[PDB]
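Below: one structure in structure tokens.
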Amino acid sequence: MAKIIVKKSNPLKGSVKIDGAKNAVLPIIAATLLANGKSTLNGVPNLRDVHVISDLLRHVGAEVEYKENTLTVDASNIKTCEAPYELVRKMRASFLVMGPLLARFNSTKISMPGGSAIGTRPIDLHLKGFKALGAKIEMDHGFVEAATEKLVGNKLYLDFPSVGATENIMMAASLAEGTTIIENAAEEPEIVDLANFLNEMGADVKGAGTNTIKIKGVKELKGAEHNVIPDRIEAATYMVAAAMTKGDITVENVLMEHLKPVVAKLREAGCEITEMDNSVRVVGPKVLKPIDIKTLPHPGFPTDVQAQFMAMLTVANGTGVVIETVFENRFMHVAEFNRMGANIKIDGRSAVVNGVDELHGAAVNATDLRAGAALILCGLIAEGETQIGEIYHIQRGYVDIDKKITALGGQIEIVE
Amino acid sequence: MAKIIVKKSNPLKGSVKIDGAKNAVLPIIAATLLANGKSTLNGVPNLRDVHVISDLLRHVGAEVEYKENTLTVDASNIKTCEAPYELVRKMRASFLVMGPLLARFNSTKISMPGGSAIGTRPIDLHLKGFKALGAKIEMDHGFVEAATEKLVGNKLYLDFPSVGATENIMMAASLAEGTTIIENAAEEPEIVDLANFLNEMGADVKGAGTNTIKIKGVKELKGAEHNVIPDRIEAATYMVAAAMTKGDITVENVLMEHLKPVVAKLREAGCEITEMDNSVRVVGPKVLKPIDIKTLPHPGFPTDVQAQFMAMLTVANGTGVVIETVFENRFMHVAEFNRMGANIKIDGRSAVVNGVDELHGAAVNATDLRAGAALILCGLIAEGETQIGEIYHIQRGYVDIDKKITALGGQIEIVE
Amino acid sequence: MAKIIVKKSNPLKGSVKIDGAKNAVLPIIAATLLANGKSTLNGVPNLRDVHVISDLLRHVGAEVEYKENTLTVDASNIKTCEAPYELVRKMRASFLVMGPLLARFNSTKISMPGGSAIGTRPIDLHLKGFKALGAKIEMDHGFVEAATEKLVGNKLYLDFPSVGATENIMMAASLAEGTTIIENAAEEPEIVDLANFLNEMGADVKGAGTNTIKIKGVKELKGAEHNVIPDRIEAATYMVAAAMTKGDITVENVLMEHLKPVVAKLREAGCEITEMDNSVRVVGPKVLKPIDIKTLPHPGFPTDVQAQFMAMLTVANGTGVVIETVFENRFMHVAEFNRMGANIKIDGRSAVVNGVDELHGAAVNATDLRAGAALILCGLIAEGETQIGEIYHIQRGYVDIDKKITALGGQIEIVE
Amino acid sequence: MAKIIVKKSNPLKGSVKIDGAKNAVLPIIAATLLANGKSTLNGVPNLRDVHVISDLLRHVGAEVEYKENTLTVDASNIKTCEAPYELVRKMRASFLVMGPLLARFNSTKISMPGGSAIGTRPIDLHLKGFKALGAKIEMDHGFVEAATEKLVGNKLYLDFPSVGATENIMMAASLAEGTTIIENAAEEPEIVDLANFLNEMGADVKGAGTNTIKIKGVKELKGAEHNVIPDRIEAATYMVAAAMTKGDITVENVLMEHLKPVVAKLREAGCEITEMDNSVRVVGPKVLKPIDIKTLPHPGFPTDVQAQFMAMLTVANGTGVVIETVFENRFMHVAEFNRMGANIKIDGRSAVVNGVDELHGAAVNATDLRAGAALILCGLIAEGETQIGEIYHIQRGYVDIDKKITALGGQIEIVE
């Protein structure tokens, strides 16, 4: 089956346009279900996970049309409030329809996400929020059912500033009676994009991007046009590629505000970075300085760039430490980096990376979306040729990574 | 040497006035050193750590006067910029004079804090910030020296949202040339109090209490009058005491905004809590419901109430899990709780508490400030009599815990 | 693709014959490569991993014949000393030919194992041992090459009592010049079986099953007949099944010595166990008592029975804690147990299991060999019907689990 | 109060005689209580912990005489079976009288050890063993009481190969009716010494030093003469000192068998070591090679030499990783090493040591016995002068460390 073949490449040089954020668009597509009427989402990346959640909206009865980076949804006449096992198994962000459906129909039944490549990932905080709003929860043969006679706003506290739980609870609260306060909310940029979209539909959401979000429920929402924010993780991926290849890359169609920790850590590693209004230029250092990273809730260093920064550290001039506080098992890529000649040792949530002279091409498997992209970065600097398998992991969340890297001068090819 | 003797007590009932926040006043006292002139701090708790940092200010040449909860400082004619080993060894918040002194005199030499009861606690992020402002750092025989020809504002990123580093860097940046941005800042309420005080002295600090703080340096600051915020951890301590003793306590002179996670978790445990403008009433449940807590940066659950909530969980109706993400070794109290008949097992950063019928009085030692207070809470509900040793831990950060608990109907006595 | 369908079942009752140990036979098959001549292995389980390593022996030029639980190997005329990427990727115990090949031909090149379902699993200790014997090591594009002018016995210390490293080093040392001492050796029963087989071929291996193994190299080894020990993990799997289903099962063709920790922990959980010469009877309790387990090197509790004991604990009468010290990510099954209604929370290497009334059938995926078998145990007691996917994990290491459970009265079927 | 002053020293050269093992003698002194009659222990180190447990034996009514490294005990006419809070608080090995007293009198009451400098250290496995022998356990106000109508031999499984629990259970089982089997026993050399002493008194203990110990109870034991084994941790401490100071030291009166992992790791670090019958010569390398250590049950690397090897690694030529699997909080020394200019970062149970050019003298505090000795090793190589406080930690478990290091050419002094 399919492989990505990467060869030792030239320093990457030129411009790359960044697509719309996967992780903004998935909850915003779920949010269209809140509205009686038609929404228009612009800047939608052409990704498999977008098509899967589109098919979930079709399954519950919304009218969905995608073309040329615009997705329309008419949720006027939703029929059903069940998310079947196969769709949640394919893509766990499916779970984000639970909030909207519960809010629109007072009842929903959603397959409970199972194992994940990057860890045991419970959805307890989502359900905590729904119960605080007056939903009763029960489990039936792998499904979780939530039903109420009406949602009522309430104060609720998130034990962890969960991105997903913040999204699900915000959407449910938008149509509740009264005022909801989400304490210890996720501050991620995608949370702000979602809130903006809810407000464009007629909601009253304040505080998004802060530690506390206040939602005053409205009786009804209407379809609206929204421009999705740019993919900050894709941007970061190309910024790291510039660092690792000692290249010079302008990343176009980005928001600097959303890239703060990545910019800071790349500068600490030796990069020369120029921040502009809609773009950032990254020039890689001649010698990579070892740095440490610790993944944390935004605006701490993002776990979605952890594997990619680890890959950069494998040829840094010294010892770097990576600490993963957000996910349990997000080190499955380490053994693959080691096949390419890295010197990485893990214990618990920390990985000690001892920089080597260079990596050497080898047959490797992507273990997950961000680690696969990290193996592509390894393959750009590794001597010889790298063959990456299980490439569906990559293809589900990066638009045309082969074409974008090809246009920056790298040697990469998807073969079937 | 001295002991606190606690006996099985009546349910606590009545009102308790909360003192000024230890952890607000210590950085605000350090901040008085920034000003050429005299500051007046009202609501200063009469605590040993206040007197230690006062003596540190005396050592560098400030004029300090304390009386009846007001502290005045005239920092007009500071002489010296060295913090000696004995003062930092006695109280590690001593380290918070480094920022002000560096800013006022362009040079400072500060003993580097050593071991701590609750963990290995580096000060690397403080120094990261100072270097970003143009300070050169070097180590000399246990001291860290930082010197510059002038501080210049800069963007800097905190790998962890460190309370202390946020404080130290904010104070240094207040007199720097140009604009400093602290990304991934601590959002703790004490950070806001400090910023307010800097602004009262003439500074330009915006964003405090958010994830990003922007400081535009000014050439000079002037002494100002400030009212310190109330001690949110002391308040929480009494709120827990109400829960554990099945009492009914009004905590006076508090800010509900600062107590959000404690209020939420006590309500989840079964308490009936009434939030008012300057006070909160806590009525304890008849049966404590087991809850889980996870310590996190504000507004996540505070590590300073972790031991005290653990103590509550030792008689809860089931199994609770405590996860300490902020400090490394903040479980030294567990063996002492176990001497009183708790059923607690730890591995790594998690403690599994299996609720028991009741605790039984025993001879125990406080291991640190918040754990000692937790042993007092255990002793209020434990059968018989509890004798607590190493009480200096407690006395350094609680005002008259014997008198306040005595006025709420508990049986407690300090003996010499 | 294929599924195992398990339904709520009767208590299991009757006898089950245990097959030969997967984990004894794989290193013993690698060890046949040491001998110039023909070996005969009896009690070989008819498992996919046996056929994969057989094909690896074919690839290097040994003559291999399997029939009716006997495998013969003639290693007289080995041709090549390379283990290709596809065979090691399929089955990482492939790596165990490195020791024999290095010893027979003074040179070997072996693909370095990559990611594993249950953790990042380096092979550094294997290479440490080979270097101590005089091998030079280098990496070439995912392969590790080891070559010497002659192996010479030496003292070497294992940082961890690695099963695989102990096996690989013992086999290499059997043909070395002089005496090797392996300090901090694995004491697992499979290590003793291997040593016995080496001695049957003419080796001089003493201390196997103790913390120190002394090998005096011989110039040549000869094929021998060996009876492989019974599969202690398969036995344990059926013993757990008896406990969980409240059944009464005699496990036939086992060695009690190898089952000590499993027998002790099942008795602590409430089982009535009768140890006999070649068999053990397990009668399950009416109420399962919660127990804690901590995985450790033999004779500590085996990590290969961890998932299966976790599954038992999901319906125990209280709270049990599972601590995995041997493998990093061996909790991927937890999310699947949770889909079936378990109440499991993990942090770091510990899992807190809060016993529930009963499990409920659901669609689940095996994540690995021992966890898949654990999902079958869940499905026997879960209400309704459980559908298990990714069943190749199970089928690679259990002989006819459907037929054996069917003969004990359970309802299970493999469908294609 | 008292300090140890160490100055940058010459390479250590000469011979040092090692004393009797603290950790052998403490359980062997407890074991004298088993015998009706008089025991004579030779090679008893003149240590405070020896005098504390001697006073515990006096408290229960044994006749104890110490002189010139011989301790006699007549346990003929024991009166009482209670270990008071003050003696256990002073020295937690006090707990090891519980087994003997329970066995001699069928009843005992022992204060339950509280907090410890190096971790939360439960005694649950001790009690598990006693209950398996027919003892009923209950807690009374910090004491644990264990009583039976008679101890009866039984099989019991240790979840962890606890040194203390193995000792306590072995001593209790020596006078039980029938045969006890301890599965997953501690294999530490001190366990063998104890068993030898029990057998010298008339017991029947086999398997000590293996993973399984079988005790056939006898009705009565008689006082015997015993020669205690040498202190393997003291020996290791001086061996490390040779490595760190680039010296050349013969350690006299040792058993090489007990030092295997320390010898292996020092050789991996670059030392030239010569093993002899009663002694070992260690010559330190010119450049220390970084190594990793992982603490484990014997014969894995001992946790009691972890701090001392960490100290060696602070000036090694590269990055070493220390992993502590045995104790929870055994990193309290790290902040003190950092005051002396080390570069150590911890997360969870792992410490990353990044070797520096040299350490620099500073005021430091011992946190515990083995860490204090490690600070002395730091002070021998640190530039200038090191002042170590809280020296009682050191003095309780090292005989005349000042005099022994002075005789090897180091500059050290205890001042009062």
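Letters A, B, C and D mark the chains in the order given here, with residues in each chain numbered from 1 onward.
Here, a contact is a pair of C-beta atoms (placed from the backbone, for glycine too) under 8 Å apart; a residue touches a chain by one contact, two chains touch by 3 or more.
Student: Among A-B, B-D or B-C, whose interface repeats A-D's (more than half the contact pairs identical)?
Tutor: More than half of its contact pairs match A-D, so it is B-C.
Student: Could you tell me which pair, A-C or C-D, is linked by more C-beta pairs in contact?
Tutor: A-C
Student: Distance from the CA centroid of chain A to that of chain C, rounded to the nearest Å?
Tutor: 37
Student: Which positions in chain A touch two or more other chains at once?
Tutor: Residues 292, 345, 348-349 of chain A each touch two or more of the other chains.
Student: Draw the chains as dots and join the ones that touch; what shape do you get: line, ring, star, complete or other?
Tutor: complete
Student: Each pair of chains that touch: what are they?
Tutor: Result of the pairwise touch check is A-B, A-C, A-D, B-C, B-D, C-D.
Student: Chain B touches which residues of chain C in the complex?
Tutor: Residues 292, 319, 321, 323, 345, 347-350, 352, 354 of chain C touch chain B in their complex.
Student: Per the contact definition, I'd like the list of chain B residues that touch chain D in the complex.
Tutor: Residues 85, 89, 112-116, 120-122, 139-142, 328-329, 331-336, 338-341, 345-346, 348-349, 360-365, 367, 384 of chain B touch chain D in their complex.
Student: Provide the residue numbers of chain B that touch chain A in the complex, in ascending order.
Tutor: Those residues of chain B that touch chain A are 155-157, 159-161, 183-184, 187, 210-212, 260-261, 264-265, 268, 292-294, 296, 298-301, 325, 348.
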